[PDB]
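Shown below, as structure tokens, is a lone chain in the form deposited in one PDB entry; questions about how it binds or moves come after it.
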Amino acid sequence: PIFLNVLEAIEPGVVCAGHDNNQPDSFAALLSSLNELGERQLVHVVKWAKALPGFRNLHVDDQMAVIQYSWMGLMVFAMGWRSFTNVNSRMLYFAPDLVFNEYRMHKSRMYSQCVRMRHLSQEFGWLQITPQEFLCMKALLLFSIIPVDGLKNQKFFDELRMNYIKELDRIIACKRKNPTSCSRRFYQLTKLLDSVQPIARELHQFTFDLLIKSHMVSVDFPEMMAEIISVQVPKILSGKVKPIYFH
């Protein structure tokens, strides 16, 4: 289980937001914690991505671009699984110190996005996603969004993405002698992966608008995040960078 040992080995641990839960909920505070949390998780997404099998093959510039484009989606996917395993989808488990109930979802002004993630959370349970399918799907998620004008080394990217899809096939086939059974499972999983993109898009859109009016809502955007929202996020929203759907 070489490939799976590695994913299990590099999976990031618990990341906290540093939120003040003794303080009454407020839009400004909730968003500042989401921003800080986002930034803390990105530190780990980079380290995780760099230790992924084959990731170093990519051109240095494609490595940073791919990580930044996939950032939101990766957090969404990982948060849904935590929400499912920790609180059986009753609340969104952004972090141990940042759990959203409907009241928080509503005050964050990202209710529709939150409800969609809760649904994703429920999907992990309904589809009985195993920890291993989760780890592979998550890694594959990192290789699911590219520029129309291509990466510096598109070919190396295509090879890598193909190899990860082949790993998922193996995880699905393992203990499934029935081809039909493997096909239906692959269908279910690629469908779940595709559902992540639309959610990341709404969060992207929301975050973009929020930054532009940041000075009007007292929200504190971290340096790195502000730069990525203004430089990378617009390419996605304008259609220059697109996610790779299966369906």
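Throughout, rigid core stands for the largest set of C-alpha atoms superposing within 1.5 Å between the two forms. Residue positions are given as counts along the sequence shown, with the first one as 1.
Averaged as a root mean square over residues and superposed structures in 7 other deposited structures of this protein, CA distances to the shown form are larger in 215 to 223; the pair compared was 201 to 209 and 215 to 223 with a core fit. In summary, of the stretches 153 to 161 and 166 to 174, 166 to 174 shows the greater Cα distance from the shown form in 7 other deposited structures of this protein, with structures fitted on the rigid core. Of the two segments, 155 to 163 and 130 to 138, the one listed with the higher mean B-factor is 155 to 163 (C-alpha atoms only). A summary of the deposited B-factors shows that, of 227 to 235 and 17 to 25, the stretch with the larger mean C-alpha value is 17 to 25. The maximum CA B-factor among the listed residues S33, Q41, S195, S214, taken from the PDB record, is found at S214. Per the PDB record, residue ranking by Cα B-factor puts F221 in the highest third of the chain. Residue-level temperature factors show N88 in the highest third of its chain, judged at the C-alpha atom.
The PDB entry assigns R116 a C-alpha temperature factor belonging to the middle third of its chain's modelled residues.
Among the modelled residues of the chain, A65 sits in the middle third by CA temperature factor in this PDB entry.
When all modelled residues of the chain are sorted by CA temperature factor, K175 is found within the highest third.
Keep in mind that the form deposited with a partner chain bound is not shown, yet the notes after this line are about it.
Put simply, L189 is far from its partner chain in the entry with it bound: not one heavy atom of it is within 4.5 Å. Using a 4.5 angstroms threshold between heavy atoms, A17 stays clear of its partner chain in the entry with it bound. Using a 4.5 angstroms limit between non-hydrogen atoms, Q68 touches its partner chain in the entry with it bound.
Among heavy atoms of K213, none comes within 4.5 Å of its partner chain in the entry with it bound. Of the residues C182, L52, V46, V219, just one reaches its partner chain in the entry with it bound with a heavy atom at 4.5 Å or closer; this is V46.
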